[PDB]
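Q: these chains are from a complex, not moved at all, and more is on the way:
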Amino acid sequence: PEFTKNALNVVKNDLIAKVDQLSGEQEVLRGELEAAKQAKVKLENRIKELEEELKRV
């Protein structure tokens, strides 16, 4: 009864902590993913600039 409730709360809170840890990892990864996406746009625009410059000899 008291032991059971206690035990259930202990494991429940363990799992909640694991979820929060994953959420933290997610936020970091999403940040890296956004940074990569923006950096790629810049590079691709620069490649188009260089292709124009090559055309102009």
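A: Good, I have the coordinates. Numbers count the residues shown, from 1 in each chain, chains lettered A, B, ... in the order given.
Q: so what touches stretch A:22-36?
A: Applying CB atoms under 8 Å, 6 or more residues apart in numbering, stretch A:22-36 has no contact partners. Quick note: C-beta positions are derived from backbone N, CA and C, even for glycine.
Q: now do the buried residues in that stretch.
A: Of the residues in stretch A:22-36, none are scored as buried under the neighbour-count criterion (16 or more other CB atoms under 10 Å).
Q: may I have that stretch exported as CSV, CA atoms only?
A: The C-alpha atoms that make up stretch A:22-36 are tabulated as CSV, following Å, rounded to 0.1, in the frame of the first residue of the first chain:
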residue,chain,number,x,y,z
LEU,A,22,16.0,13.3,-24.1
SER,A,23,14.2,16.6,-24.5
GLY,A,24,17.5,18.3,-23.7
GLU,A,25,19.3,16.3,-26.3
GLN,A,26,16.6,17.0,-28.8
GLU,A,27,16.9,20.8,-28.3
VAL,A,28,20.7,20.6,-28.9
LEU,A,29,20.2,18.5,-32.0
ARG,A,30,17.5,20.7,-33.4
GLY,A,31,19.8,23.7,-32.9
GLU,A,32,22.6,22.0,-34.8
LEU,A,33,20.2,21.0,-37.5
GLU,A,34,18.9,24.6,-37.9
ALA,A,35,22.5,25.9,-38.0
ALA,A,36,23.4,23.4,-40.7
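Q: chain B next, sequence below:
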Amino acid sequence: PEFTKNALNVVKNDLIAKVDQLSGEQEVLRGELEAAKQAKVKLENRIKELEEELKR
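A: Take a look at chain B, now in place beside the chains above:
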């Protein structure tokens, strides 16, 4: 002239190489995101089951 063309291509090819590396990083990152998302879903279902058991 030809020296100019070669020089610009060095820069162009380097940028292309960098784009490819970022494409690789994006794919790895997306794979890790999906794994995390799926892991979270499983944890949340386990938490829900425990919450329902606590109600009893």
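Q: go back to the buried residues of stretch A:22-36, now with chain B?
A: Using 16 or more other CB atoms under 10 Å in any protein chain shown as the burial criterion, the residues of stretch A:22-36 that qualify are A:22, A:25-26, A:29, A:32-33, A:36.
Q: same thing with stretch A:48-57?
A: Within stretch A:48-57, the residues that qualify as buried are residue A:50, counting by 16+ other CB under 10 Å.
Q: anything in that stretch near chain B?
A: Yes. Using CB under 8 Å from any CB of the partner chain, a contact is recorded between stretch A:48-57 and chain B, made by A:50-51, A:53-54, A:57.
Q: then stretch A:5-24?
A: Yes. Using CB under 8 Å from any CB, stretch A:5-24 reaches chain B at A:5, A:8-9, A:11-12, A:15-16, A:18-19, A:22-23.
Q: between the host helix or strand of residue A:29 and helix B:2-55, how big is the angle?
A: When elements are assigned from DSSP states H and E, residue A:29 belongs to helix A:2-55. Compare the direction of helix A:2-55 with that of helix B:2-55 by axes from the mean of the first three to the mean of the last three CA atoms, to 10 degrees and you get 160 degrees.
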